[PDB]
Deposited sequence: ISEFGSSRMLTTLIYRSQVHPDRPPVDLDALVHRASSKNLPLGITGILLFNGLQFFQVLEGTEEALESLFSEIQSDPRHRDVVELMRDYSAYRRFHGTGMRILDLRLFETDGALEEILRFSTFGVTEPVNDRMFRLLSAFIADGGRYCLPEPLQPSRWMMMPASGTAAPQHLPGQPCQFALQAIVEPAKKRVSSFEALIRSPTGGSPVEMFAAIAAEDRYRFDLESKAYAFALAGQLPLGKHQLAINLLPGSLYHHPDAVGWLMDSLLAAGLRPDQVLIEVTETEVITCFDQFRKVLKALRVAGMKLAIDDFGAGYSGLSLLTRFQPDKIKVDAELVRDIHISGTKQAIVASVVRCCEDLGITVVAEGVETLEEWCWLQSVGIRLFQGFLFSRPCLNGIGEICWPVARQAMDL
């Protein structure tokens, strides 16, 4: 089946310039018998290629292209089935954009391509070509944020308690500063939140979730919570199904030597969106009391910015699923970059969670993320503050 594949990449700046003549000649020669057509764009610093052909032919070729030493930061932009070849023709063409003025390069593309009966601008491939021509440097990863320039540099369990908590740091690597700690519930045997709640009767789960937080506050109070923030996780129902959950939390966090402004409630985006009715009175009370709110798991499931017209949280936590393979995904890059910007405009804090690799950290930072949470920096620490690994140069 005819498939389209579009990616962008960049050259190595400190290495000799790539021989584009040898590249394009061997490309067009190899592509012809395999039925692979398209076009290569080059602006001096970045490549942008369109590839058309069978699914299996492009999968094979793109694997080789990903392994190629002549470029790096290969970012996939589009991959879809196609009704016709836009670049009919027997050879990989190259367009050196440095030789064209304002809109001469688009003019040049329409000499070797057709985009159906309607205006070319109605075609996604053409719009992507235009965007790279207009401003290809936008998602060009800066030199200082190249992963290769970076490298990475006790507590007891409490079985007698009906539940215990692990603390994971949210960090700001640019200031080597810990922003806050998230409390994650653990079972008496050190099990996961799934195991903990599975051991509780379905009819008592909401109440348990709320009441478990007294132990999270006690832990934070015993630890030097020196002006750091404490995030806790609650389901909407846990706050909702209680005559006064806000007052309950208030009394509990007050007793533990904490302040209202120091406690942030994380609620999953999926379960907040599904019950707008009940949530707003609870959210209001949380606000008036002075506690902060975060929208958790932002990007996972059903999760949008239109939510923000109804109410605006203090913080949004970008889900690990958008963080996964962000370095190779143009789609995730564009979404995360857009969320970051919207949050800046609205004065909402953004945290990228589930950060496991320097690649993720570098690319997340390139689109404006400054607060991070993940195994790269600090893993959850049962009943204590874990060690933090900071990225350092070389």
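Positions of the deposited sequence absent from the coordinates, in order: 1 to 8, 162 to 167, 409 to 413.
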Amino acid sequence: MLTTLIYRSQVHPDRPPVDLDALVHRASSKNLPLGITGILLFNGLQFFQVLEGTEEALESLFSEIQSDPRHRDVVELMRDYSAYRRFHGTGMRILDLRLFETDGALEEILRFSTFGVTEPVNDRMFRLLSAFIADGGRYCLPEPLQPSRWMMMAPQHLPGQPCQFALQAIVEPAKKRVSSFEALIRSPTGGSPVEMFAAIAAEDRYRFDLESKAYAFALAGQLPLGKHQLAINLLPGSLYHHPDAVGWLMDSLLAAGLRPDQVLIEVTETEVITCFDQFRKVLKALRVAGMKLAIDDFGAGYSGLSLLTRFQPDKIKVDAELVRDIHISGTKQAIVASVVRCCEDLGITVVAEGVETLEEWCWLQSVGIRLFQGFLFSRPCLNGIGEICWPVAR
From here on, numbers count along this sequence of modelled residues.
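For clarity, a rigid core is taken as the largest C-alpha set superposing within 1.5 Å between two forms.
Farther from the shown form on average, by C-alpha root mean square after a core fit in 4 other deposited structures of this protein, is 90 to 98, of the stretches 90 to 98 and 71 to 79.
Between 190 to 198 and 157 to 165, the larger mean CA deviation from the shown form in 4 other deposited structures of this protein, after core superposition, belongs to 157 to 165. Averaged over Cα atoms, the B-factor as recorded in the entry is higher for 295 to 303 than for the other of 74 to 82 and 295 to 303. The PDB entry reports B-factors from which the mean C-alpha value can be compared for 105 to 113 and 274 to 282; the larger average falls on 274 to 282. Out of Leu128, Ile170, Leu308, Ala214, it is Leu308 whose C-alpha atom has the highest B-factor in the PDB entry. The entry lists a Cα temperature factor for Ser180 that places it in the middle third of the chain's modelled residues. Sort the modelled residues of the chain by CA B factor and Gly374 lands in the lowest third.
Per-chain ranking of the deposited C-alpha B factor places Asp209 in the lowest third. The deposited CA B-factor of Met152 belongs to the highest third of values across its chain. Annotation for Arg98: CA B-factor lies in the middle third of the chain's modelled residues.
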